[PDB]
Amino acid sequence: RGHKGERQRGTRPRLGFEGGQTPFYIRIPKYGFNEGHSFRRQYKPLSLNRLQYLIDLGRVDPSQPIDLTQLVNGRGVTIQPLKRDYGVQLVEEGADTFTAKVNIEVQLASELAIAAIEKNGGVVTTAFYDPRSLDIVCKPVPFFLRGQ
Amino acid sequence: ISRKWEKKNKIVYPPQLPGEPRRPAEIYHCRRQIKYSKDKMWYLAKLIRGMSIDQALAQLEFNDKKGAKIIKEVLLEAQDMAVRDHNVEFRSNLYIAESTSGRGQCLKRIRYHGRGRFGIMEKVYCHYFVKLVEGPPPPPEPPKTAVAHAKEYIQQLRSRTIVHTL
Amino acid sequence: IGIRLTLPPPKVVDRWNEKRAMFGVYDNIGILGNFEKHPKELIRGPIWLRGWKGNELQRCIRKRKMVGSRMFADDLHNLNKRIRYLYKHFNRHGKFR
Amino acid sequence: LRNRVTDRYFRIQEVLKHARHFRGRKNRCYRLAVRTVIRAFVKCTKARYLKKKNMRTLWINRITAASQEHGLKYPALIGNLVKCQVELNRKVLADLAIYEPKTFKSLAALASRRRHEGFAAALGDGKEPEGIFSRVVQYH
Amino acid sequence: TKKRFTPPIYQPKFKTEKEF
Amino acid sequence: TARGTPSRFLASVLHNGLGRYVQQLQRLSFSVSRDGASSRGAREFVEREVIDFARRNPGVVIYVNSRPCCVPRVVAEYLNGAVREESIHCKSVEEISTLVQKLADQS
Amino acid sequence: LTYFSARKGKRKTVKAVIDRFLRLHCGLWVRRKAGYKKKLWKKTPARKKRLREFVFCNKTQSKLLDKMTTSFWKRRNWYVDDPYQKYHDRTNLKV
Amino acid sequence: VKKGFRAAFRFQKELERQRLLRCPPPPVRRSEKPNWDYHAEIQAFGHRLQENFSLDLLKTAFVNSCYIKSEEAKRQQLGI
Amino acid sequence: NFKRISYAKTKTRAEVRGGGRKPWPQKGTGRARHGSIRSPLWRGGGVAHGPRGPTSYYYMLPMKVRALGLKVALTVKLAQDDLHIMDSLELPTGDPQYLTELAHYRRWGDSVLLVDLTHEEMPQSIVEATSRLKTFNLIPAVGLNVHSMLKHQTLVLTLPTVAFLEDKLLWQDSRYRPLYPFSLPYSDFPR
RNA sequence: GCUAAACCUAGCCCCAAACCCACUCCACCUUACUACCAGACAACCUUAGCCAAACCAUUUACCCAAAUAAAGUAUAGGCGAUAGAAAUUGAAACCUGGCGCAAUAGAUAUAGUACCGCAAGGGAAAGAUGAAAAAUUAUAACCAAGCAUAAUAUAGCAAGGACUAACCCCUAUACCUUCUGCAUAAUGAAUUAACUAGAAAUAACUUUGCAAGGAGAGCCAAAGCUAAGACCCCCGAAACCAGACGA
RNA sequence: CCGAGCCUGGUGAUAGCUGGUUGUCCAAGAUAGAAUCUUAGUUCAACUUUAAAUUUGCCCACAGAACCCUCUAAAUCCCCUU
RNA sequence: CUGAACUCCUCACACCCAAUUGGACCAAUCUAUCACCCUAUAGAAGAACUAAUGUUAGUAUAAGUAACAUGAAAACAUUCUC
RNA sequence: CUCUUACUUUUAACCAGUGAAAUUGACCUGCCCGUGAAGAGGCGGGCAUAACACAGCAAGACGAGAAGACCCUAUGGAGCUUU
Ligand SMILES: [K+]
Ligand SMILES: [K+]
Ligand SMILES: [K+]
Ligand SMILES: [K+]
Ligand SMILES: [K+]
Ligand SMILES: [K+]
Ligand SMILES: [K+]
Ligand SMILES: [K+]
Ligand SMILES: [K+]
Ligand SMILES: [K+]
Ligand SMILES: [K+]
Ligand SMILES: [K+]
Ligand SMILES: [Mg+2]
Ligand SMILES: [Mg+2]
Ligand SMILES: [Mg+2]
Ligand SMILES: [Mg+2]
Ligand SMILES: [Mg+2]
Ligand SMILES: [Mg+2]
Ligand SMILES: [Mg+2]
Ligand SMILES: [Mg+2]
Ligand SMILES: [Mg+2]
Ligand SMILES: [Mg+2]
Ligand SMILES: [Mg+2]
Ligand SMILES: [Mg+2]
Ligand SMILES: [Mg+2]
Ligand SMILES: [Mg+2]
Ligand SMILES: [Mg+2]
Ligand SMILES: [Mg+2]
Ligand SMILES: [Mg+2]
Ligand SMILES: [Mg+2]
Ligand SMILES: [Mg+2]
Ligand SMILES: [Mg+2]
Ligand SMILES: [Mg+2]
Ligand SMILES: [Mg+2]
Ligand SMILES: [Mg+2]
Ligand SMILES: [Mg+2]
Ligand SMILES: [Mg+2]
Ligand SMILES: [Mg+2]
Ligand SMILES: [Mg+2]
Ligand SMILES: [Mg+2]
Ligand SMILES: [Mg+2]
Ligand SMILES: [Mg+2]
Ligand SMILES: [Mg+2]
Ligand SMILES: [Mg+2]
Ligand SMILES: [Mg+2]
Ligand SMILES: [Mg+2]
Ligand SMILES: [Mg+2]
Ligand SMILES: [Mg+2]
Ligand SMILES: [Mg+2]
Ligand SMILES: [Mg+2]
Ligand SMILES: [Mg+2]
Ligand SMILES: [Mg+2]
Ligand SMILES: [Mg+2]
């Protein structure tokens, strides 16, 4: 523990205290980096590489309409509605190698991602789910057990 | 507490052989919880060590200390016990082989001082132990004579070796 | 002084009594029982420590919340004071910050 | 679970056994004995250096005494014996003085002879050949 | 200098009353 | 320390080695548990080492006694009457061999 | 810092830090320069440009800011159209 | 009273050492003590001395008249 | 350890009876300074760092780790010739001596763990025999665990039990990561 | 050889379960424990401060009716220290047990007694045979300090090296703490026994599991994730405040 | 023991101040500064310790680093080779 | 010539810095399973005291020291002195 | 007081009985000079030195007693005064 002082006796000041000098974390001006962070909509990215990989392994069935439920049941995406996730955003990563024909419902889709699915003969739609609706569509069985 | 001194008069030795020397009788006696100091009692016990039973009784009869009467009382009953129960022929043929005092169980009392202060006073008790052996008192040691010193000095010179070598 | 002068009575332990013989049985109640029951449901003891662990400040906070309303006056007072002491100890005292 | 030391007696006796031959209360009172036992063990360790030192002091004193009986000082004996390639150490030299007095006188005579040869050489200008006992046996 | 007095403390009586 | 312990002069037993060398180790008594874990190394020593050690030392009578014991021990007895008891608790077979050989060389 | 809250027994966040610093998921912290809105009439353009920069914190400051915030603030976020999205991951960084 | 058994056992061993030291037992023959095989001891005796003794003669050399007379007295006392 | 709850508790200096007043003035008495007679330095005072129970030791290994342990225990028993497969646990009689004699003749060790598929369908004969024994213990398949397997020298599984354990233990190797507790309805679970 | 030493019970602790509550006759709110007379007075009403903020002045967690999760998030604040939700989510629940203490421990407790205080109030210590004591001439001894058996012989931290030999010879300035630095004539300590002081998050590391997934709903994830292991003392003020008790 | 009684409680008040801090063994290990109601303390540097990564570190040849002014100083910095 | 813990010699080698930091072992206790004259592998924790004017108990030192106490004779009736 | 003396009582010392307190790291506990955390029984150089009681003395053991009240320090208190 050392010899005498505050440190041997366990009475040293709180974390961040600099000895009386105006601390570093206080002398920096406030700026709205994180202002409104908890009210910002978030979308879990889903790349065309990941989508193709899921189809090649049979984890997502392209013969039926694909939506949030089918992606969750296939363990393709993990949605957290309690963390202000509003769904999945289809991102263009992997467009060059995308070959599957799918009818997929997402929340956001980039211009290049839409072109990839439509080039192969598929349909892509952007659908909105509110926080409550998102929880139900992601995990239907827990909802059905509530009796509502 | 311990009471081993009283158990020493219960040791039965095996019968002696025809050619063995007659074993002297040994009598252990003691008095417990005497209201008297062991430090003061030690001087009286020290006095009669090695004395004959009759010489010890005479010395104690003319001593002014309180312990003298108590020790004399113990010596007399031990002398009677030696002849009665320990097969000692002559009551006068006894000498003090051992005599010593021990600490007893003491009590604590308050002694008052001025200014509201106090001390703790001990009400002292002591034991007295005596061993009587049959036979004349052993003679005292003669003072070491000049011949003995000279013999001892020359002995040490002769046992002297060359140290730290072959 | 300070050490016993006799050997203590020999310790007789029956390693095959019913309690020792059946220790562990049903510890895989969930894995082998279709997960109908969680193994923590086999834990018996205070209502505020079944299937839960924490440091002493966390244990005290948990007990006051769950059974604080049923505690004896003197016991509840000691619990409140204990939480105050531990709050100060962990949040203000120590070697690390 | 409350744990208490149960064999403290044996831990105490480990120290007190080394203090039985001490004087006073430090032979039975741990608080006192432990400090004195530590000091005794440290002395015992450091004494190993003094033992070697005192022994060699003893040999030099005894060799000095033996050399003086023959009219030689200690530096003359040790110095000249080395020059004769006699590598007898001081321990053996002291033993020889006590138990082999005739061999020691021979060694003193040898050292004395070599010493006189040195003087003759130093006094000469190189004309004289090396002394009979001054010749060194070379090894390779 | 303020007066300084330390009153005496009596120990418990029983400690000096035990009998055989 | 030297002052706190006894001492003696360098000596031999019956001028050993003067006319002939006589091994002073006279008897060895082992006590190895059958099931005790501490006696694992002692059991391994009795299976492969003790037999070969006896062949080399025919003047030493070795007594192996297998009985329940928490601390296996070897007792060495010498011609001059000295008795030495050495624990082999939890010792390896190699450690035991070294100990037994040391006892064989001592006077 | 509150290491164990009285109600939940959990570590707390120092909200003074959240109001001043941005944490990139890679572990870097972004801040503004002190005095960047103070007495601009007496400051040169070169100095004023330096004051408007968003700068990084050093290792010691970053470690302190990490201790003063809970795990929630270090998670990966996917805000839509986030200006700082590109800076969350490092590239071609050796050690 | 403290929990445990090891300390008590260790102290009992020392109490037996002190008891024995205060009252040393009378000495007895090595044959009467455990771990003794007379035939094995006889053979080792010769090997130690590096001598090829005859086990028949060597055993007789150790038999004394006093041991024979006493051995017979015990036989008569037991009516054997 | 996971279901261990320690009930040991001591009293701190704040919980020992009394101890409120300062025993004597700070200065002037010549004695050591003390604030309370219930300080941990005092006889009868509080305990400084004693047990503060009841204390829980609860924790859970990953479900896959606990399942792997059961596999290893079964392999070790089979590899060391301590596992015996039975068609059924039906004995000819309910006498416990028969079962004891059977194990000795077949060299089954001192203790034997008997595993049946279900508690309700245990044959009455084996139930009567084991109920009167101490080292021969009968458990259902759902009760199998590593500790009991290690405590018992021999393990006896019935053929239905073997099929039961393979289904449960191999399901862990090919399963998805859960979306919600497996007690809730799934497409292909249970069975 | 004394003084002593040694012991295993009394009970106690933490949970579980269960809601809880007494009484013979007589006396007892006046000066209680006092058979028997003219009254009429009547309860309610924000805690404070220590302390933290390294002063302090706004401020500074204190069960308040479901474990978990949302979340230490929204939000509050000398926007400092710190404080801190809700919507929503939704589990289990078979008293008679103990890797609790065993006479300095465990309740203060053999007892709120003895004793101390005018009062409020404070508040102890301790016991130990055996199947039988209607076996008490009985159950061994051995172990702390202190003594006794047995005072002492030049010289010196009391020992070490030794030695034929205790001492004589040679070498050697107790310990802890505190300091630039202590044989210091700086601190503490007669001695024995017992008691008496390192509590945990953030990350990181190490070793398993599974792996673009991990985890037995929540959470994290651009090799991660889950589990485990492993780090943060004791005693001590003068004070401050609340409510009682005292001329 | 009245510069303002006593008792209990808040209370294990707080103490950058003093004291104390318990088994064995080995190893690495001394010290530029800055700010601070701060100088009996802290926080950052520096030094120190452990683990990891991969690549130079130290010692140093020439050549080279100011005028103004008086001691035209001992030296330093830089630096391949070794 | 004497003279070190420097160096050599025979053999061995982790085995002489405060704070701090890394590492290797380990007493006793309890639990699991062993063991069975006192142990093993692990899991745990009120887990180790030559020092806090520490707490309690015992006993020393000072010290048999300071201090304390009963007027006289007698037949214990009585008388005498103050 | 110069300048003290004598006697009585108490205390005292000795015998008998009873029997505290502060204090105490351990002590086998000399003197001189020098040294040194700067004033030594304990270190260096010398000198001295069989062992153990009783009665006195107060130069030393920086003697005992009370964690200096003077002085300074602490982002320690309290009483009092005030534009
Ligand atoms: K803390
Ligand atoms: K008590
Ligand atoms: K100290
Ligand atoms: K000094
Ligand atoms: K000093
Ligand atoms: K002082
Ligand atoms: K009045
Ligand atoms: K300070
Ligand atoms: K100090
Ligand atoms: K160190
Ligand atoms: K006169
Ligand atoms: K004086
Ligand atoms: Mg300190
Ligand atoms: Mg300091
Ligand atoms: Mg009075
Ligand atoms: Mg209290
Ligand atoms: Mg206090
Ligand atoms: Mg207690
Ligand atoms: Mg403050
Ligand atoms: Mg102030
Ligand atoms: Mg809610
Ligand atoms: Mg008690
Ligand atoms: Mg003793
Ligand atoms: Mg000397
Ligand atoms: Mg100074
Ligand atoms: Mg010095
Ligand atoms: Mg001192
Ligand atoms: Mg001081
Ligand atoms: Mg205030
Ligand atoms: Mg009046
Ligand atoms: Mg008053
Ligand atoms: Mg404090
Ligand atoms: Mg080193
Ligand atoms: Mg300022
Ligand atoms: Mg400073
Ligand atoms: Mg270079
Ligand atoms: Mg030399
Ligand atoms: Mg070396
Ligand atoms: Mg061990
Ligand atoms: Mg402890
Ligand atoms: Mg102790
Ligand atoms: Mg102490
Ligand atoms: Mg005196
Ligand atoms: Mg007097
Ligand atoms: Mg008088
Ligand atoms: Mg006098
Ligand atoms: Mg007197
Ligand atoms: Mg001087
Ligand atoms: Mg005198
Ligand atoms: Mg002195
Ligand atoms: Mg003084
Ligand atoms: Mg002071
Ligand atoms: Mg204040």
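Asker: Explanation requested: the overall build of chain I in the structure shown.
Answerer: Of regular secondary structure, chain I possesses five helices and six strands. In sequence order, chain I lays out its α and β elements as β-β-α-β-α-β-α-β-α-β-α. Computed over C-alpha atoms, the radius of gyration of chain I comes to 28 Å, more than 25% over the 16 Å expected from 2.2 N^0.38 for 191 residues, which places it beyond the range of a compact globule. For chain I, the residues scored as buried account for 38% of the 191 residues in total. Residue pairs in contact within chain I that sit at least 24 positions apart in sequence constitute 68% of those at least 6 positions apart. Of the roughly 11,900 Å² of accessible surface on chain I, 54% is carried by carbon and sulfur atoms. Between the mean site of the 27 positive side-chain charges and the mean site of the 16 negative ones, chain I shows a separation of 30 Å.

Asker: What is the right way to read the overall build of chain H from this model?
Answerer: For chain H, the count of helices and strands is four helices and zero strands. Secondary structure of chain H in N-to-C order comes out as α-α-α-α. Expressed as lengths along the three principal axes of its C-alpha atoms, the size of chain H is roughly 65 × 40 × 25 Å. Scored against the burial criterion, the 80 residues of chain H give a buried share of 16%. Considering chain H, the positive charge centre built from 16 side chains and the negative charge centre built from 9 side chains are found 15 Å apart.

Asker: So what exactly am I meant to see when it comes to the interface of chain I and chain C here?
Answerer: Opposite the 44 residues of chain I that make contact, chain C presents 35 residues. Around 3,500 Å² of area is buried between chain I and chain C when both sides are counted, 63% of it from carbon and sulfur atoms. On the chain I side of the contact with chain C, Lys3(I), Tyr58(I) and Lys151(I) bury the most area, a combined 17% of that side's loss. Summed over the shared surface of chain I and chain C, the result is three salt bridges. The salt bridge involving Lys134(I) is made with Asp14(C); its shortest N-O contact spans 3.1 Å. For the pair chain I and chain C, the number of links is 12 residue pairs in polar contact.

Asker: Can you walk me through the protein's contact with RNA strand J in this structure?
Answerer: Around RNA strand J, a shell composed of 193 residues is seen, among which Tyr53(A), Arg103(B), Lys19(C), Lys13(E) and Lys15(G) lie nearest. Each atom of RNA strand J within 4 Å of the protein belongs either to a base or to sugar and phosphate, the latter forming 70%. Taking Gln18(H), its side chain carries an N or O atom lying 3.1 Å from a sugar or linking oxygen of RNA strand J. Looking at side-chain class alone, the surface near RNA strand J contains 66 nonpolar, 48 polar and 79 charged residues.

Asker: Got a minute to help me understand the sheet that holds strand β2 (residues 85-91) of chain A in this structure?
Answerer: What links the strands of a sheet is backbone hydrogen bonding, and the strands pair in either a parallel or an antiparallel sense. Residues and elements named next belong to chain A. Here we have three strands laid out as an open sheet, ordered β1-β2-β4, and parallel in their pairing. The sheet is open, and its two borders are formed by β1 (42-47) and β4 (108-109), each paired with just one other strand. Bridge count for β2 against β4 is two bridges, and the pairing is parallel. Across the sheet, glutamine 89 pairs through a bridge with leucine 108, a residue of β4.

Asker: What is the right way to look at unusual backbone geometry in this model?
Answerer: Backbone phi values are negative for most residues with the exception of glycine, while trans is the configuration of most peptide bonds. Residues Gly53(I) and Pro54(I) are joined by a peptide bond in cis, for which omega reads 0 degrees. Following the sequence through the fold, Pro54(I) ends up in the loop between β1 (5-6) and β2 (55-56). Looking along the chain, the bond that leaves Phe189(I) and enters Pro190(I) is cis, with omega of 0 degrees. Note on placement: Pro190(I) falls in the segment after α5 (159-171). Phi at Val95(G) is positive, roughly 60 degrees, even though this residue is not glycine. Here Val95(G) lies in the segment after α3 (59-67). Phi at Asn35(H) is positive, roughly 60 degrees, even though this residue is not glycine.

Asker: Hey, could you run me through the pattern of salt bridges in this one?
Answerer: Any two side chains of opposite charge can pair, so long as their charged atoms come close to each other. Tallying each qualifying case throughout the model produces 36 salt bridges over all chains. Among the ionic pairs, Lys72(B) bridges to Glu61(B), the shortest N-O distance being 3.2 Å. Taken together, the positions of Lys72(B) in helix α3 (residues 66-85) and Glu61(B) in helix α2 (residues 53-61) put the pair 11 residues apart, joining distant regions of the chain. For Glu61(B), a relative accessible area of 47% corresponds to the partly exposed category. Look at the salt bridges and you will find they share partners, linking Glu56(C), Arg82(C), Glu15(I) and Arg52(I) into a network.

Asker: Where do I start with the packing of aromatic side chains in this structure?
Answerer: By convention here, two paired aromatic rings are described through the distance between centres and the angle between planes. Here the structure, examined in full by the defined rule, presents 31 aromatic pairs over all chains. When the centroid spacing of 5.5 Å and the interplanar angle of 50 degrees are considered together, the rings of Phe35(C) and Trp171(I) count as tilted. Of the two residues, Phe35(C) is situated in the loop between α1 (18-21) and α2 (56-67) and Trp171(I) in helix α5; the pairing between them involves two chains. On the basis of relative accessibility, which here comes to 24%, the residue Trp171(I) falls in the partly exposed class. Aromatic pair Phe10(D) and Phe11(H): ring centres 6.3 Å apart, planes at 70 degrees, arrangement edge-to-face.

Asker: I keep staring at the packing of helix α3 (residues 74-83) of chain D against helix α5 (residues 101-123) of chain D and nothing clicks. Help me out?
Answerer: When two helices pack together, their arrangement is given by the angle between the helix axes and by the axis-to-axis distance. Residue and element names in this part refer to chain D. Remark: α3 packs on α5, axes separated minimally by 8 Å, with the N-to-C direction vectors making an angle of 80 degrees. As far as their axial angle goes, α5 and α3 are roughly perpendicular. Across the interface between the two elements, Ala76, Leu77, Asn80, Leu81 and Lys83 of α3 pack against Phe104, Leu107, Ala108, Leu110, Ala111, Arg114 and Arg115 of α5. Class assignment for the residues of the contact of α3 with α5 results in eight nonpolar, one polar and three charged.

Asker: Please clarify how the sheet that holds strand β2 (residues 29-32) of chain G should be interpreted in this entry.
Answerer: Spatially, the three strands line up as an open sheet ordered β1-β2-β3 (chain G), and their pairing is antiparallel. Edge positions in the sheet fall to β1 (22-23) and β3 (54-56) of chain G, since each of these pairs with one other strand and no more.

Asker: Even after reading the chapter, I still don't get a nonpolar patch on the surface, so can you show me in this structure?
Answerer: All names here are of chain B. A cluster of nonpolar side chains, contributed by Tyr153, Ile154 and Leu157, occupies part of the molecular surface with about 300 Å² of accessible area. Structurally, the position occupied by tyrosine 153 is in helix α4 (residues 146-158). Residue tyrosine 153 is classed as exposed on the basis of its relative accessible area, which comes to 55%.

Asker: Would you explain the protein's contact with RNA strand M in this entry?
Answerer: In the vicinity of RNA strand M lie 24 residues, with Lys65(B), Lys66(B), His113(B), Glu122(B) and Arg25(D) positioned nearest. For RNA strand M, the backbone portion of the atoms within 4 Å of the protein, that is sugar and phosphate, comes to 74%. One of the side-chain nitrogen or oxygen atoms of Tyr36(B) is found 3.4 Å away from a phosphate oxygen of RNA strand M. Backbone polar atom of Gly30(I) to a phosphate oxygen of RNA strand M: 3.4 Å apart, as the coordinates give it. Listing elements by their share of the surface near RNA strand M, those giving two or more residues are β4 (118-123) of chain B together with α2 (30-68) of chain D. Looking at the surface near RNA strand M element by element, the count peaks at five residues for β4(B). Residues of the surface near RNA strand M, tallied by class, amount to five nonpolar, five polar and 14 charged.

Asker: Explain the side chain of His34(I) here, please?
Answerer: All names here are of chain I. By secondary structure assignment, the location of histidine 34 is in the loop between β1 and β2. According to the relative accessible area criterion, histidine 34 is buried, its value standing at 19%. A polar contact is formed between the side chain of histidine 34 and the side chain of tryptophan 42, at a distance of 3.2 Å. Once you skip the residues sitting within four places of it in the chain, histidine 34 turns out to touch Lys22, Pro23, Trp24, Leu41 and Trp42.

Asker: Even after reading the chapter, I still don't get α3(D), so can you show me in this structure?
Answerer: Given 3.6 residues to a turn, an α-helix orients residues that are three or four positions apart in the same direction. Residue and element names in this part refer to chain D. Taken residue by residue, α3 has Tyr74, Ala76, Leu77, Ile78, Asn80 and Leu81 as its buried positions. Lining the buried residues of α3 we find α2, α4 (90-99) and α5. After α3 finishes, the residue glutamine 85 shows a positive phi value of roughly 60 degrees.

What counts and how
Residues numbered from 1 in each chain as written, not as in the entry; some residues may be left out. Chains lettered and ligands numbered in written order. Part of a larger assembly, values for the part shown. Heavy atoms only, no water. Helix = DSSP H or I, 4+ residues; strand = E, 2+ residues; numbered from the N terminus. Rg over C-alpha atoms; globule rule 2.2 N^0.38 Å. Buried < 20%, exposed > 50% of the residue type's maximum accessible area, 1.4 Å probe, protein only. Contact = heavy atoms within 4.5 Å. Areas by Shrake-Rupley, 256 points an atom, 1.4 Å probe, with all protein chains shown as cover. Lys, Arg positive; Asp, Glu negative; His and termini not counted. Charge placed at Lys NZ, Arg CZ, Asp CG, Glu CD. Buried area = accessible area lost by both parts, 1.4 Å probe. Salt bridge = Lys/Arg side-chain N within 4 Å of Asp/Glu carboxyl O. Polar contact = N/O pair within 3.5 Å; in protein donor to acceptor, adjacent residues only side chain to side chain. Near = heavy atom within 4 Å. Nonpolar A, V, L, I, M, F, W, Y, C, P; charged D, E, K, R; others polar. Pairing = 2+ DSSP bridges. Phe/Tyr/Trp six-rings, centres within 6.5 Å; stacked < 30°, edge-to-face > 60°. Axes fitted to C-alpha atoms, helices over the stretch in contact; angles between N-to-C directions. Parallel < 35°, antiparallel > 145°, perpendicular 65-115°, else oblique. Patch = residues over 30% accessible without salt bridge, like charges linked within 9 Å, V, L, I, M, F, W, Y side chains within 5 Å.

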